[PDB]
Structure formats: structure tokens, C-alpha cells
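Data first, discussion second: the structure below is written as C-alpha cells.
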Ligand SMILES: *Cc1ccc(S(C)(=O)=O)cc1
Ligand SMILES: *Cc1ccc(S(C)(=O)=O)cc1
């Protein structure tokens with residue numbers, strides 16, 4: 001579409017420049033254009049897609065939380081402005097989540113056969129449904145939570161069959177699914193269980209790793225322990 | 001125009017929410033809408049306008065500098081992408097500067113009669129022409145520098161007649177004009193002179209100030225000294 | 001608590 | 001060097 005006239009390689013190059021320039025909306029737009037070329041993404045390219053959209057939606061989520069807090073405190077009459085503006089940011093956030101979900105559905109997941117790509121995309125699907133769940137309040141909210149859960153569960157089932165317990169994507173998937181359980185599904189015990197099991201199984205596999213792999217895995221393990229420290 | 005259907009008061013309220021949410025593009029858009037209502041701006045409203053656009057253009061300038069550095073280092077053949085992307089960010093930056101300049105010219109400066117408002121707007125005019133000068137390279141570049149200079153000079157002449165030497169806007173004007181001399185006009189001695197004189201004249205007027213005014217003025221004086229430390 | 005930041009390539 | 005940051009109301 002919009003990036004239709006730019007070469008795939010040039011979109012990827014510009015996405016890397018946009019990251020360096022901290023221009024994450026541009027980065028996301030370039031990576032969307034790259035996906036829409038129709039070819040599968042390499043490991044590095046998947047990471048660029050993910051980083052771009054995590055930064056865009058992360059800023060939107062942070063803004064939404066600031067506005068939602070002000071709106072909660074309001075409820076002297078301030079008028080409709082706080083609600084209206086929270087609604088505007090919410091709608092934008094939903095739109096970005098729907099865009100990422102649409103890239104996953106058209107057609108990244110269905111063409112992803114290797115475990116690493118498929119798990120990566122299914123983790124993304126769980127995450128963007130989780131961000132939709134954070135702002136959901138209407139008839140479809142349970143369905144949004146269930147969609148997040150289903151994506152994360154399929155990713156977990158593949159990861160446990162096909163990846164070692166220290167693989168960083170398997171680890172980050174478990175971490176984010178544990179956050180889902182704690183923050184979204186009102187299942188703190190499931191969150192704690194999953195984080196502990198994940199940590200312990202990773203610990204027991206560190207002996208197999210190179211120095212560099214060890215560093216990658218232990219960094220994520222420390223995020224699991226940080227959540228366990230907060231939760232227990 | 002775009003914010004034409006929203007009440008002035010609601011635009012100002014939403015600009016304040018957008019600041020809290022760190023949504024500076026939205027903040028700028030709301031303040032542009034408020035200016036386009038046609039009424040003069042209060043002190044607080046002028047500050048919201050300025051903060052919004054300083055944050056938007058500041059991010060663009062930072063991105064431009066990252067891209068310009070990569071492009072300088074390039075000049076193995078990387079292809080046209082770095083230049084193209086620097087050009088895209090440059091064009092966007094120019095567009096924001098032209099937008100602010102257009103608000104000043106239509107019609108904030110001509111309706112500004114008090115010294116505080118007029119100096120404030122003329123400082124802004126100098127600043128946005130300075131940002132245009134930072135990226136300028138063609139036939140009009142000297143005219144852009146001269147436009148910045150002229151705006152800053154008129155602001156300086158009014159400020160020296162109408163404001164005490166500790167007034168924060170007078171101080172910030174002097175600081176930014178000194179930066180103009182140093183970075184844009186290739187006049188480091190003029191920069192150093194102006195910063196020293198400004199600092200010394202402010203110091204000699206601190207005795208007149210309340211505790212709170214003292215704090216405001218000394219903060220900006222320390223920025224002048226920080227530049228003098230770097231420059232001498 | 002904390003999900004993975006995921007904000008740097 | 002440094003202009004005034006001007007980024008907080
Ligand atoms: C979801 C996720 C897993 C792993 C990484 S990392 C820190 O780059 O290994 C990032 C995101
Ligand atoms: C240009 C300028 C002067 C003074 C201030 S402040 C730090 O808010 O007094 C800001 C910007």
C-alpha cells in the first residue's frame with residue numbers, strides 16, 4: 001500500500017535508521033511496508049517489526065494510563081474533556097493493535113512453519129490482544145482475553161516441544177504469559193507457578209550454553225525473578 | 001480549521017492533559033487550534049504553545065542530527081536511503097517550523113503590545129528561524145540566518161527597555177541569542193560577550209527579588225554560566 | 001509487574 | 001552549547 005513503491009531492502013534499511021533516530025512510528029510504518037511485500041521475515045526482521053510496534057504501543061499505553069488515572073480521580077465537574085481525550089488515545093491504541101494483529105493474520109502466522117518464527121508471531125498475537133484487554137470494558141472483553149490466552153497457549157505448547165528451556169523467545173513468552181495471568185486473567189497463583197517453573201527449568205539448562213547464550217538467557221531469567229520478588 | 005469545532009477552553013484543557021501524557025504532537029495540535037481561535041494568549045497559554053512545539057521540534061532535531069551524522073560517515077556505497085530518510089525528517093522539521101512561524105505571523109506578533117507577550121513571540125520567531133538555519137544549505141540560507149537575527153534583535157531591544165535584567169524571558173532570550181551567535185552566526189566572541197554581560201547584569205539585580213523569583217532567575221543564570229564554562 | 005521491555009533491537 | 005530546554009510547562 002503506502003510503502004508499495006519502496007524496495008523491501010530499503011524499507012528494512014530505513015527501519016534500522018529510524019530505530020537509531022528514535023523515530024518509532026516511522027520504524028513501524030517501514031516494517032509494515034516490509035511485511036506487506038509478502039515474503040517471510042528473517043529473525044532480525046521479526047525483531048525490527050516487534051521493536052517498532054512495542055515502542056509505539058508502549059507510548060500509547062503509558063499515555064492511556066496517565067489519562068485513565070486523571071479520569072478516575074475526576075469521577076469538581078471537569079467536563080467531558082478528560083474522558084474525550086482518553087477515548088481518543090484509546091482508539092488510536094486499538095488501531096495500532098488491530099494493525100499488528102492484521103499483519104499477523106495476513107499472512108505472517110500461516111506462513112510460519114519453523115518453531116522459532118511461529119512461536120515469535122504467536123507471542124506477538126498474545127501481547128497485542130493483551131494490550132486490547134487492558135483497555136476493554138464492553139460485550140467483547142471476555143473474548144479479547146480469551147484470544148490473548150489462546151495465542152499464548154499455542155505458543156507455549158510449541159515452545160515446550162521444540163525449544164530448549166533457555167531459548168530467549170521461550171523465556172520471554174513465559175514471562176509475558178505470566179504477566180497476562182497476573183494482570184489480566186486475575187490468576188496470580190498461575191502467574192507465580194509459571195514464572196517459578198520457567199526459571200527453574202532454565203537454570204537447569206544453563207550448563208549447555210556458551211558465554212554469550214548464557215548472558216542472553218540469564219538476563220530474561222532475572223526479569224522472571226524480579227516479578228516473583230514483587231508477587232511473593 | 002482542524003480544531004475548529006472544539007471550544008477554546010477545551011483545547012487548552014486538552015493541551016495540559018497531553019503534556020501530562022507526554023503526547024507532544026497532540027499538545028501542539030491543540031495549542032495551534034487555540035491560537036487559531038483568534039484571541040490573544042495569556043502567559044500560561046503562551047508557555048503551553050511554546051512547550052508543545054519545543055518538544056516536537058526537539059525530537060525532530062535530535063533525529064536529524066543522528067541521520068546527518070550517519071550520512072556524513074557514509075560520504076562502502078550504502079545507496080540513497082540515508083540521504084532520503086534524512087531528507088524526509090528534514091522536510092517534516094521544516095514544516096513544523098513553518099507552522100509555528102505562520103502562527104506568529106498570523107496574527108500573534110501583530111496583536112502583542114505588552115512587552116512580555118511581544119518579547120516572548122519574537123524570541124520564538126528567532127528560535128524557529130534558528131532551527132531552519134541548522135538544516136539550511138541553499139540560496140536562501142543567509143536570509144534564514146538574518147531572519148533569526150532580526151527577530152532576536154528586536155526582542156533584545158524591547159527587553160532591555162521594558163524588562164528588568166532578571167526577568168526569565170529576558171534571560172532565556174539572551175541565552176538563546178548567545179547560542180545563535182556561537183552555533184549559527186560563527187560569532188563565538190559575541191556569544192561569550194552577551195552571555196557574560198547578561199549574567200553580570202542579572203547578578204546585580206537579584207537583590208530586588210523574592211525567594212521564588214530569585215530561584216527562577218538563578219536557574220537560567222546557571223545555564224548562561226554552563227555555556228560560558230564550555231566556551232572559555 | 002514487568003513484561004519484557006522489547007524496545008531495543 | 002545549551003539553549004534553554006523549554007520542554008516543561
Ligand atoms: C519477547 C522477547 C523475548 C526475548 C527478547 S530478547 C531480550 O531480545 O532476547 C525480546 C523479546
Ligand atoms: C525562553 C524561555 C525563558 C524562560 C523559561 S522558564 C525556565 O520557564 O523561566 C523558559 C523558556
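Start at 1 and count along the chain as shown; that gives each residue its number.
A Cβ is built for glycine as well, from the same backbone N, Cα and C atoms used for every other residue.
Per the PDB entry, these features apply:
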type	residues	note
SEQADV	A:1-5	expression tag
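Record features (Swiss-Prot):
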type	residues	note
MOD_RES	A:10	phosphoserine
SITE	A:61	site 'Interaction with phosphoserine on interacting protein'
SITE	A:130	site 'Interaction with phosphoserine on interacting protein'
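Annotated features taken from Swiss-Prot, shown on the structure.
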residue: A:10; record: phosphoserine; DSSP class: helix
residue: A:61; record: site 'Interaction with phosphoserine on interacting protein'; DSSP class: helix
residue: A:130; record: site 'Interaction with phosphoserine on interacting protein'; DSSP class: helix
**Request:** Please work out which residue of A:61, A:130 has the most C-beta neighbours within 10 angstroms of its C-beta, and give that one of the recorded sites.
**Result:** A:130
**Message:** Summarise the expression tag (A:1-5) as counts of helix, strand and coil residues per DSSP.
**Reply:** 0 helix, 0 strand, 5 coil
**Asked** For residue A:61 (site 'Interaction with phosphoserine on interacting protein') and residue A:130 (site 'Interaction with phosphoserine on interacting protein'), what Cα-Cα distance in Å is obtained after rounding to a whole number?
**Response** 11
**Length of the line joining the Cα atoms of residue A:130 (site 'Interaction with phosphoserine on interacting protein') and residue A:10 (phosphoserine), in Å** = 32
**Message:** Spanning 4 missing residues, the endpoints are residue A:75 and residue A:76. What is the Cα distance in Å?
**Reply:** 9
